[PDB]
file run-v4.txt (compact mmCIF, C-alpha atoms)
# COMPACT_ATOMS: atom_id res chain seq x y z
CA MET Y 52 71.77 -25.31 27.68
CA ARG Y 53 70.48 -27.71 25.00
CA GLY Y 54 67.03 -27.17 26.43
CA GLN Y 55 67.24 -23.47 25.92
CA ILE Y 56 68.93 -23.78 22.52
CA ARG Y 57 66.35 -26.05 20.92
CA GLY Y 58 63.50 -24.31 22.72
CA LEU Y 59 64.92 -21.01 21.51
CA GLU Y 60 64.94 -22.07 17.88
CA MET Y 61 61.41 -23.37 18.34
CA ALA Y 62 60.67 -20.05 20.01
CA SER Y 63 61.84 -18.40 16.81
CA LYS Y 64 59.54 -20.57 14.70
CA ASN Y 65 56.75 -19.76 17.15
CA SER Y 66 57.28 -16.06 16.60
CA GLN Y 67 57.45 -16.62 12.85
CA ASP Y 68 54.10 -18.37 12.73
CA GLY Y 69 52.88 -15.46 14.83
CA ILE Y 70 54.06 -13.09 12.12
CA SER Y 71 52.21 -15.17 9.53
CA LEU Y 72 48.92 -15.13 11.45
CA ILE Y 73 49.20 -11.39 11.95
CA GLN Y 74 49.86 -10.89 8.24
CA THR Y 75 46.63 -12.73 7.48
CA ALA Y 76 44.58 -10.69 9.96
CA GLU Y 77 46.11 -7.49 8.66
CA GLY Y 78 45.34 -8.40 5.06
CA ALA Y 79 41.71 -8.80 6.06
CA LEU Y 80 42.04 -5.32 7.52
CA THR Y 81 43.46 -4.08 4.21
CA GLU Y 82 40.41 -5.14 2.28
CA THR Y 83 38.40 -3.71 5.17
CA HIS Y 84 40.04 -0.36 4.53
CA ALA Y 85 39.38 -0.41 0.78
CA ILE Y 86 35.74 -1.16 1.46
CA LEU Y 87 35.44 1.61 4.05
CA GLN Y 88 36.95 4.01 1.56
CA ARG Y 89 34.26 3.05 -0.94
CA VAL Y 90 31.73 3.59 1.82
CA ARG Y 91 33.10 7.04 2.62
CA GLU Y 92 32.93 8.02 -1.03
CA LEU Y 93 29.34 6.77 -1.32
CA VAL Y 94 28.54 8.84 1.77
CA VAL Y 95 30.11 12.01 0.38
CA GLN Y 96 28.16 11.86 -2.85
CA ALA Y 97 25.07 10.65 -1.01
CA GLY Y 98 25.55 13.82 1.03
CA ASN Y 99 25.56 15.76 -2.23
CA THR Y 100 21.84 16.40 -1.86
CA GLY Y 101 20.26 18.79 -4.30
CA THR Y 102 21.47 16.63 -7.18
CA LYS W 153 14.97 23.01 2.61
CA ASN W 154 18.15 24.38 1.11
CA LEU W 155 20.14 22.88 -1.77
CA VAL W 156 22.99 21.60 0.36
CA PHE W 157 25.71 20.59 -2.07
CA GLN W 158 28.62 18.54 -0.87
CA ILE W 159 31.74 20.32 -1.99
CA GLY W 160 34.55 19.00 0.18
CA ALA W 161 35.86 15.76 1.59
CA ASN W 162 35.09 16.80 5.17
CA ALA W 163 32.34 18.11 7.42
CA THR W 164 30.50 21.40 6.80
CA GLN W 165 32.39 21.99 3.53
CA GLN W 166 29.08 22.66 1.84
CA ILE W 167 27.16 25.33 -0.04
CA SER W 168 23.54 26.29 0.56
CA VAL W 169 21.45 27.46 -2.39
CA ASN W 170 17.82 28.56 -2.69
CA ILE W 171 15.51 29.31 -5.60
CA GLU W 172 11.94 30.35 -6.26
CA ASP W 173 9.64 31.50 -9.02
CA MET W 174 6.28 30.60 -10.55
CA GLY W 175 3.27 32.48 -11.90
CA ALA W 176 3.31 34.50 -8.67
CA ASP W 177 6.85 35.85 -9.05
CA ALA W 178 5.96 39.52 -9.34
CA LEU W 179 6.61 42.10 -6.58
CA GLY W 180 6.76 40.93 -2.98
CA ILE W 181 7.38 41.84 0.64
CA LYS W 182 6.99 38.52 2.50
CA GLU W 183 4.25 37.22 0.25
CA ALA W 184 3.66 38.76 -3.15
CA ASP W 185 0.60 40.94 -2.43
CA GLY W 186 -3.13 40.60 -3.08
CA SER W 187 -4.63 42.64 -5.91
CA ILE W 188 -1.11 43.44 -7.18
CA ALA W 189 2.29 41.86 -7.36
CA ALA W 190 1.45 38.29 -8.38
CA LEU W 191 -1.44 38.66 -10.78
CA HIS W 192 0.84 41.13 -12.54
CA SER W 193 2.48 37.87 -13.56
CA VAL W 194 -0.60 35.58 -13.52
CA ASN W 195 -3.52 37.72 -14.73
CA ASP W 196 -1.79 40.75 -16.34
CA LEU W 197 -4.61 43.27 -16.50
CA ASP W 198 -5.40 44.32 -19.99
CA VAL W 199 -8.67 42.44 -20.46
CA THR W 200 -10.66 45.65 -20.59
CA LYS W 201 -8.99 47.10 -17.58
CA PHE W 202 -6.85 49.89 -18.99
CA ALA W 203 -9.57 51.75 -20.89

call {"tool": "encode", "arguments": {"input": "run-v4.txt", "output": "structure tokens"}}
result
Amino acid sequence: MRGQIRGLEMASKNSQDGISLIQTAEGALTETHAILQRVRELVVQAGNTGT
Amino acid sequence: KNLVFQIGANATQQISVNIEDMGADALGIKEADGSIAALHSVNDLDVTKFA
């Protein structure tokens, strides 16, 4: 029982560090989005040929 | 070689525009014409050629 208790708390902390890592990755994907939006805009106007 | 303007935030939401005129912008069928229909805007007879 002690084994599973302590290992279960540590399993919580494991999952929590997992959350943290994912939050970092996802933040990188946020700034990825913002950039790709800029790109899309630049493409729309760049597709505004004639002017 | 149309004047494709980008008008919308999506595909094919565009307007095509065309334009022409120059010295030879008088009457026309597919081209202006020979003796008439362009030189009526480039040469414009009356050098002696009405008397």

call {"tool": "closest_residue", "arguments": {"input": "run-v4.txt", "among": "W:153, W:158, W:196, W:203", "to": "chain Y", "atoms": "all atoms listed in the file"}}
result
W:158

call {"tool": "interface_residues", "arguments": {"input": "run-v4.txt", "of": "chain W", "to": "chain Y", "cutoff": "8 Å", "atoms": "all atoms listed in the file", "output": "ChimeraX atom specification"}}
result
/W:155-159,161

call {"tool": "atom_distance", "arguments": {"input": "run-v4.txt", "atom1": "CA of residue 194 in chain W", "atom2": "CA of residue 177 in chain W"}}
result
8.7 Å

call {"tool": "atom_distance", "arguments": {"input": "run-v4.txt", "atom1": "CA of residue 90 in chain Y", "atom2": "CA of residue 169 in chain W"}}
result
26.3 Å

call {"tool": "atom_distance", "arguments": {"input": "run-v4.txt", "atom1": "CA of residue 189 in chain W", "atom2": "CA of residue 154 in chain W"}}
result
25.1 Å
